[PDB]
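Data first, discussion second: the structure below is written as structure tokens.
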Amino acid sequence: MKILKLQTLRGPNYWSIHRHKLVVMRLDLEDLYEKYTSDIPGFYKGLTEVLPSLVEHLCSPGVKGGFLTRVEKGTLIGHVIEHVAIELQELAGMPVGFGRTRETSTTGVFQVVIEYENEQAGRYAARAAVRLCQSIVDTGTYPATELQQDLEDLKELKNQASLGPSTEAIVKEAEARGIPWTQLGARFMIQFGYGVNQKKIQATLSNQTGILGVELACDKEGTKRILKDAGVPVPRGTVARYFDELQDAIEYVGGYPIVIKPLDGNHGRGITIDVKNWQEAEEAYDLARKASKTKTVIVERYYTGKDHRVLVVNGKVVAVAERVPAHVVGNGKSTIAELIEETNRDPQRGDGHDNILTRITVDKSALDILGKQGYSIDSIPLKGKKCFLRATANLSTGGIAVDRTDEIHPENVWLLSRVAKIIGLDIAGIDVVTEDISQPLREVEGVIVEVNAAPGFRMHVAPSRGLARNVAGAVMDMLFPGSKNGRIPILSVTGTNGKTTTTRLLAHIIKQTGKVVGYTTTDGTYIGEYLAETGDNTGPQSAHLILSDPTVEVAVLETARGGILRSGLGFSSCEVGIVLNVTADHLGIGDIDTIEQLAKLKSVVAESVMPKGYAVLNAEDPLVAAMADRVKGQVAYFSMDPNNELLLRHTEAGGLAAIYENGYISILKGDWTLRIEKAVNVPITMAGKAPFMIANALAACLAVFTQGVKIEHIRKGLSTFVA
């Protein structure tokens, strides 16, 4: 066994369409080229004992265990290799359901294509499958330790190339609406859309979020002072530097209880929670002063009440959640000694920061807090009341969320929207403390605690009590207001002979309209008028360069067969797909040895056309004209012979064709003929002496006309263009 070549495909390709992520492997069968699995004794048992899960494989027979029967009857090792690769990357929790195997031109090389979900994980699984099969055929079995090592390595690879849960939520919401998304390589940023309609998000911060708002939100004193000047109720407090002044400060705040905090401190350095007398206040002040970097301390009035987390998107309240501190209830007439195991049976509990329900950590601080809480380990709750384990009221600690979105006063909604607009944050998370959220914050003693610029919404998606809110939908609506996507006009030109001239002519014609056109061809990648890249390829790299520019409005791409074979198309769909001709002038490259294979390879551009798009095909070539079916969207024929039966039949029922009838480049829109040029005033045609350029001119004119460009613009562009 030897791995000859391992390539990855990310878009539509020769092998399949709508299965964008694939891996192709050229496998060398030096000795087992014609060696059936049933021909070698006692490896069926080894395969079925090393991987029993293959019993789940429903093969071509369509019956449970059909692949095992296929192995029993004797089958080429490529099929079992792809199956064990599928199962081996399935054991890591990665669902894949596509795989193919074919024979190459030479007798000793097979081509195996495997569906993958992660690029590195897929490549690792493909590399490991052949090693496992070779070890099995060499020794009769595979060690379990190596299998476990490979599985844990796959799990690590899957975990490594994973995004934060907010990012998958937003990406899934975007994919549900058919909006393209790509991953930038700078700072885990995700870009939605193409050209001038693109947006960028990191986790929840958009390109519209301001520096000033984010910086102000991080400054607690600054935001408190700003909110106080706008009439927003904020917790009362006062700064002090001398001991004797503390008493006076107690007069201003209103008495007890109070909260002690230092002026300059991050992540709550040296801050107390609740003090209700003189000695504890004195010791807390001393501790804060010893922790404070400037000897000065703010004392503020302690506000009691239920705390809520409100999410504001685009100035509108999306979800309201009430936090309850981590607690236990003795409603089952049981103490903590049994509830510890009772809670562990809930599947929601887990480690990490992805699940809202975390394991109850019985730490020394928590144990001390519950000891001073006023209850014991075996003390039954009185009247059936919740007994808390901590006072931080955090979901990561193990708190409980309650949905309160519906029962909120309209005045509170208005106030929170005003606060979010005042701070200057498109997406914000506000912490409120109030006795009741169904009443205005004036009657009750409610205050605004703090504002967060980049909040997580995992708490609102899974409230655990109440209705879930579609935060990702609201964010996606904010990014793209209407029923619009970040798509720009795309024209993909493919063919054997005249791709470059057609692409340049299309770019020149569209340039007549006041639009910035980005086009890639063999010569180089151009953005409008100025050259962007000299030594470029016609593969997905140039397409990504074109589509990521914030000034490109229309993209014109020359798509060669090398890019499709190596990495596939760089886009999911195109508005216009032009196929010029297919001639077997050069063959033998890759697995393309027959003109039917070349036609199938070139058919990817035509097949990857959205239902509202157009496929511009040559009616003269039978192979190109055979692509009329299996194509979504309208089909437009261009032909140098005005007497083509297929073109006339298509025009009689429908239209949108282009012909060269009497020294004229004419467009048939059904029963009407529109003449463009005299075919001798076009410089590239050389007074009609070159018949090959007329086909390219016809294709370009038809493609431009399908997009709604006026006739005079086409005439002006065709008359001026030079080679």
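Because the Cβ atoms are built from the backbone with ideal geometry, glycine has one as well, and the counts that use them run over all protein chains shown. Values quoted throughout were computed directly from the atomic coordinates according to the rules given, and no laboratory measurement underlies them.
If you take the Cα Rg of the stretch 424-519 and divide it by 2.2 N^0.38 Å, with N the number of residues, what do you get? Mind dumping the intermediate values first?
Values: Rg = 25.6 Å, N = 96, 2.2 N^0.38 = 12.5 Å.
It is 2.05.
With Cβ to Cβ distances under 12 Å as the rule, what net charge do the other residues near residue 607 carry (K, R +1; D, E -1)? Mind showing how you got there, number by number?
On the way: positive: 600, 602, 630, 632; negative: 629.
With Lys, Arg at +1 and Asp, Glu at -1, the net is +3.
Residue 266: net charge of surrounding residues, Cβ under 15 Å, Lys/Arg +1, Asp/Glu -1, itself excluded? Could you put the intermediate results ahead of the total?
On the way: positive: 220, 261, 269, 293; negative: 215, 219, 221, 264, 450.
Overall, the nearby charge balance is -1.
Of all the C-alpha pairs in the stretch 554-693, what % are more than 28 Å from each other? Intermediate results must be reported in sequence, preceding the final value.
Working: 2363 of 9730 pairs.
It works out to 24 percent of all Cα pairs.
Give or take rounding to whole Å, what are the principal axis extents of the alpha carbon atoms in the stretch 333-385, in descending order?
On the principal axes, the stretch 333-385 reaches 34, 25, 17 Å in Cα extent.
Let me make sure I get this right: for the stretch 556-611, a, b and c are the square roots of the gyration tensor eigenvalues over alpha carbons, sorted descending. Under 1.5 in a/c it's rounded, otherwise prolate if a/b > b/c, else oblate. Which is it? Display every interim value, and only then the final one.
Details: a/c = 2.15, a/b = 1.69, b/c = 1.27.
Here the stretch 556-611 falls in the prolate category.
Under the rule a/c < 1.5 gives rounded, and otherwise a/b versus b/c splits prolate from oblate, where does the stretch 1-154 land using the Cα gyration tensor? Walk me through the numbers on the way to the answer.
Numbers: a/c = 1.36, a/b = 1.19, b/c = 1.14.
Judged from the Cα gyration tensor, the stretch 1-154 comes out rounded (a/c under 1.5).
Under 22 Å Cα to Cα from residue 276, which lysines show up? Leave out anything in the same chain fewer than 8 places away.
Partners found: 261, 290, 306, 372.
Given DSSP loops and a limit of at most 12 other Cβ atoms within 10 Å, what is the longest stretch of the chain that contains no such GluC sites (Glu not before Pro)?
Details: sites that count: 30, 34, 407, 443, 529.
No qualifying site falls inside 35-406, the longest such stretch.
Along each of the three principal axes of the Cα atoms of the stretch 272-394, give the extent in whole Å, ordering the values from largest to smallest.
Its Cα atoms span 50, 46, 30 Å along the three principal axes.
Find how many whole Å separate the alpha carbon centroid of the stretch 327-374 from the alpha carbon centroid of the stretch 258-302.
Result: 30 Å between the Cα centres.
Starting with the fewest neighbours, write out 259, 312 ranked by other beta-carbon atoms found within 10 Å of each beta-carbon.
On the way: 259 20, 312 24.
Fewest to most other Cβ atoms nearby, the residues stand as 259, 312.
If the cut-off is a Cα-Cα distance under 20 Å, which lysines reach residue 200, setting aside same-chain residues fewer than 8 apart in sequence?
Output for residue 200: 172, 484.
Add +1 for every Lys or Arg and -1 for every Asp or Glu among the other residues with Cβ under 14 Å from the Cβ of residue 349, and state the total.
On the way: positive: 345, 359; negative: 341, 342, 346, 351, 354.
Charge balance in the 14 Å sphere: -3.
Longest exposed-loop-site-free stretch of the chain, with chymotrypsin sites (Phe, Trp or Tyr not before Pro), DSSP loop and at most 10 other Cβ within 10 Å?
On the way: sites that count: 242, 672.
Between exposed loop sites, the widest span is 243-671.
Averaging sequence separations of C-alpha pairs under 8 Å and six or more residues apart, then dividing by the length of the chain, give the relative contact order as a whole percent.
Values: 1342 pairs, mean separation 75.6, N = 723.
It comes to 10 percent, rounded to a whole number.
Return the ratio Rg/(2.2 N^0.38 Å) for the chain, where Rg is computed over Cα atoms only.
Here the Cα radius of gyration is 1.27 times the empirical estimate.
Once you have the alpha carbon radius of gyration of the stretch 236-289, what is it after dividing by 2.2 N^0.38 Å, with N set to its residue count? If you can, show how the numbers build up before the last one.
Numbers: Rg = 10.5 Å, N = 54, 2.2 N^0.38 = 10.0 Å.
My calculation over the Cα atoms of the stretch 236-289 gives 1.04.
If the cut-off is 17 Å between C-alpha atoms, which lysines fall inside it for residue 678, apart from same-chain ones fewer than 8 positions away?
Answer for residue 678, where 17 Å is the Cα cut-off: 689, 716, listed by chain and number.
How far is helix 278-291 tilted off the main Cα axis of the chain, in degrees rounded to 10, range 0 to 90?
40
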